[PDB]
Each structure stands twice: as C-alpha cells, then as structure tokens.
Amino acid sequence: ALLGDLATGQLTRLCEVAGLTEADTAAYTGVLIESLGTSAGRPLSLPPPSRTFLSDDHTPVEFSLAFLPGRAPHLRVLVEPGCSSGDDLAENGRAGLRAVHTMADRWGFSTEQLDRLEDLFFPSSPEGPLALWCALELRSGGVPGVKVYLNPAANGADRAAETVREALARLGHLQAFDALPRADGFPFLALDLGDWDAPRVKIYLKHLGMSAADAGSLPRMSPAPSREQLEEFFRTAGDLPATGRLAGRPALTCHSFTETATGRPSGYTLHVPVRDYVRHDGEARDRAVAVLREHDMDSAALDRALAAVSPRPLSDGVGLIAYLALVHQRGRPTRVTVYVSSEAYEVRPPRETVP
Ligand SMILES: N[C@@H](Cc1c[nH]c2ccccc12)C(=O)O
Ligand SMILES: CC(C)=CCSP(=O)(O)OP(=O)(O)O
C-alpha cells in the first residue's frame, strides 16, 4: 500500500535475479527508501508526489538490467530524489542535490564535476522537464555506482545547446561538443560520480524519425561500432522490416566522453522507446528477448525480472518495458540494457494497433 513498500518489494525481488546477497539487498532497499524521502511513506491511493518525467505514470522510480553474455544482469535503479518537493522545479532540484551530496559524503567521493556545473543546471527559475535524477548501480558490496542526470533545457529549450557546450567546456572536454552528431534536441546530460574505471560525461541527443541506417551512422566514438548490428537491433526493437522510421516517441543516442585527448567519444548507446511501438508488453518482451538471444545474453533472467516487478500478464498493458538499449563502450563488451517500469500508479492499456 505505500510507495516505498511497492518499490522496495520490487527492488528486493530484482536483487534476487541479479544474484545480490541478502546483505547487499538490505543495504540497497535502505538507500532506495532514503532516496524517496517522505514519499516513501505515501499511500499509493494518493496521486504521485510529482508529475515526474522519469516514468510515464510519474512513479519516481524505474529499474534497469544490463546484460552481458555468461553472467547475471547487473541491476540499476533510477530515482527522482527530490520528488517529495513536488512540481516546483527549484525545490525539487535543491532536494535532489542534497540527496546526492549526502551519498557522496557517505561513500567518500567528490562532487567537484557536478559542483562546477551547478549554476548552469540549477538556475533560480528553472524550466522542465526535470531538475535532477539519480541512478544507482547496485554493485556487490553495498557501495553503489552513482550517476546524476541533469536538464540541458533548465535555462530554456532555446539555450540547451549553449548549456551543453558550456558544461563540456567547464569539464575540460573542449572538443567534445563539435564531435557530436547533429540532433533534434539535447534532453539529458549525465555524470558518473564516484568509483569508476573511466567515469563518463554522457550527452543524450534526440533524433526524430530515425531509420535503421541512421542508427548505425550516428556513432562518433572510436572505434565505430558495427553498423549491421545496430541496424538489426533497431529493426528488431521497432519491428521494422528489411521508408521505416520511428516517428512516435523518438529514439535517443548517448555519446560518452571519458578522456580529453582524442576529442572523440568513447561510447555510443542507442535507446529505442519500445513502449511506443508495441500493442502490449508481450510484444516488447518478445523483442527484448530476441535482442538478448542475438547477443548471447541470458533472456530467461529478463523473464524472471519482469515477474519480479509485476504480477500482471504482459499482454494486459503496455509500458512495463520502457526502453531497449544497445551499448558500446571502448574496450568493453557490447551490452544490452532493458529499462523496466515500476507501474506504481498506472498500467497503460494495450493497443489494438500501432499506426
Ligand atoms: N521517461 C523519460 C526518461 C527516461 C527514463 N528511462 C530512460 C531510459 C532511456 C532514455 C530515457 C529514459 C523518457 O522517456 O525519455
Ligand atoms: C535515465 C536516462 C535519461 C537514460 C538511461 S541511459 P543509463 O544512465 O542507464 O546508461 P548506462 O547504463 O549508465 O550506460
């Protein structure tokens, strides 16, 4: 009945799929409740605490599973830690920053990169659609990896490009902005905080009407990923035959920068919002397991994860599987990520057709 109790039940069942110990599970359920603030105790019969863009039903939680061949998926959870402040973006941002800085203190990492950007991303009268989200990578040992997501449009959508250009300059990535491919918008900037082999600055780009061929040409990273693999992923995720475009909710690309010498990204991820291109989650699950099997990943663990989040039949709604992503990063194996919704407030109805 309370938001924190649904969310921590779902997290608990997901930690089991990910193979985390009881100790680490208990740790991370605590962290999730702390991240929700007063909203953790909010009855689910009341409206969401904010009209957050984090999920379609405004649950301020979303999970994701990152798959590699030969092992269990890695589990991650995305939260709006200022959600208890509601829809006032300045107050929601201030509360979210306070949560991240509490995490940084607790786990002993620096926020200097974030702090350098604060005035760009947290102006006095910010514009939507978000102020601050946080994702936690739920690593064995109970000390998570921390990622923060900021709004390039905070100073107005017309200033998003300028804001991203300035952020990249402040972080020392003076060639990165001009390395990005063209796009239709800059919806997010994200930072890896804390202990990472190579922490990334991540720039997210929106592409309206992307085709399969476009999905394989948009990488800017060195070395370039396989075009054929990207095209096939896009076709499978959108159910496009071998014209065909994703002209509803747009596909996004993410370009990651981890070192400043090359001037080039070290990563590219293609994100397909599959929820807008299926009749129901049985179709989205079928597409997700097709991608997983193509890349020699553990699709039965996805099936277990879906049942961990929700007991409903997959065909009784749409939006449980929010996004599918194919992830390339320099010197790392290709990874597939599935983003799974909490559906604490609504189950969107199934569709008779997808036009
Ligand atoms: N729900 C938002 C943000 C979001 C949540 N999970 C995501 C995964 C990938 C990309 C964006 C997102 C959107 O649809 O854009
Ligand atoms: C939450 C949003 C905006 C995007 C999801 S991309 P991500 O941060 O999950 O990507 P990684 O798994 O960190 O590469």
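Each chain's residues are numbered sequentially from 1 according to the written sequence, a convention that need not reproduce the entry's numbering, and residues without coordinates are excluded. In the order they appear in the text, chains get letters beginning with A and ligands get numbers beginning with 1. Note that the side-chain values use all heavy atoms of the structure and ignore hydrogens as well as water.

1. Concerning the site of ligand 2
Put simply, a residue is near a molecule or strand once any heavy atom of it comes within 4 Å of that molecule or strand. As a structural note, the neighbourhood of ligand 2 is formed by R76, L78, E137, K147, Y149, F188, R200, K202, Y204, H271, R335 and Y339. For the purposes of these results, a polar contact is taken to be a pair of N or O atoms within 3.5 Å, where, inside protein, one atom must be able to donate a hydrogen and its partner to accept one; residues adjacent in sequence count only when each atom of the pair is a side-chain atom. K202 places a polar side-chain atom, nitrogen or oxygen, 2.8 Å from an oxygen atom of ligand 2. One of the side-chain nitrogen or oxygen atoms of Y339 is found 2.8 Å away from an oxygen atom of ligand 2. Of all the elements in the fold, those that place two or more residues in the shell around ligand 2 are β2 (74-79), β4 (145-150), β6 (201-207) and β10 (335-341). For helices the rule is a DSSP run of H or I covering at least 4 residues; for strands it is a run of E covering at least 2, with both sets numbered from the N terminus onward.

2. What to know about the packing of helix α3 (residues 89-107) against helix α4 (residues 112-121)
To define axes, lines are fitted to C-alpha atoms, for helices over the stretch in contact only, and angles between the resulting N-to-C directions are given on a 0 to 180 degree scale. One way to put it is that α3 packs onto α4 with a least axis distance of 12 Å and a crossing angle of 170 degrees. When the interaxial angle is binned, α3 and α4 end up roughly antiparallel. On α4, the residues touching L97, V100 and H101 of α3 are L114, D115 and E118. Convention used here: angles under 35 degrees read as roughly parallel, angles over 145 as roughly antiparallel, angles from 65 to 115 as roughly perpendicular, and any remaining angle as oblique. Two residues form a contact once any of their heavy atoms are found within 4.5 Å.

3. Regarding the packing of helix α8 (residues 227-238) against helix α9 (residues 281-294)
It is the contact of α8 with α9, at a shortest axis distance of 8 Å, that shows an interaxial angle of 160 degrees. One finds that α8 runs roughly antiparallel with respect to α9. Judged by the twist between their axes, the crossing of α8 over α9 is right-handed. Contacts from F233, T236, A237 and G238 in α8 reach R287, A290 and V291 in α9. Less than a right angle of anticlockwise turn of the near helix away from the far helix marks a crossing as left-handed, whereas a clockwise turn marks it as right-handed.

4. Concerning the pattern of salt bridges
Each reported salt bridge corresponds to a side-chain nitrogen of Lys or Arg within 4 Å of a carboxyl oxygen of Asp or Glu. On inspection of all chains with the given rule, the structure shows 20 salt bridges. Ionic pairing is found between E166 and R170, a salt bridge with its closest N-O pair at 2.8 Å. Here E166 and its partner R170 are both found in helix α5 (residues 160-170), 4 residues apart, which amounts to about one turn of the helix. Between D281 and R312 there is a salt bridge, and its shortest N-O distance comes to 2.8 Å. Here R312 lies in the loop between α10 (299-309) and β9 (321-329) and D281 lies in helix α9, a separation of 31 residues in the sequence. A residue is classified by how much of its surface remains accessible, and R312, at 14% relative accessible area, is buried. One network of salt bridges, in which partners are shared, links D239, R279, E283 and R287. Accessibility here uses a 1.4 Å probe with only protein chains present; expressed as a share of the type maximum, an area under 20% marks a residue as buried, one over 50% as exposed, and anything in between as partly exposed.

5. Topic: the pairing of strand β8 (residues 267-272)
Among the 6 residues that make up β8, 6 are buried, leaving the element largely enclosed by the rest of the structure. Neither face of β8 is exposed, since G267, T269 and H271 on one face and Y268, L270 and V272 on the opposite face are all buried. What makes two strands pair is DSSP finding at least two bridges between them. Bridge count for strand β7 (residues 251-257) against β8 is 5 bridges, and the pairing is antiparallel. Across the sheet, the residue bridging to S256 is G267, located in β8. Where β8 and β9 come together, 6 bridges link them in antiparallel fashion. The residue bridging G267 from the neighbouring strand is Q329, located in β9.

6. Overview of the side chain of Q10
With respect to the element layout, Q10 can be found in helix α1 (residues 3-18). Excluding its chain neighbours within four sequence positions, the residues that come into contact with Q10 are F63, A308, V309 and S342.

By themselves, these are just geometric observations and shouldn't be taken as functional.
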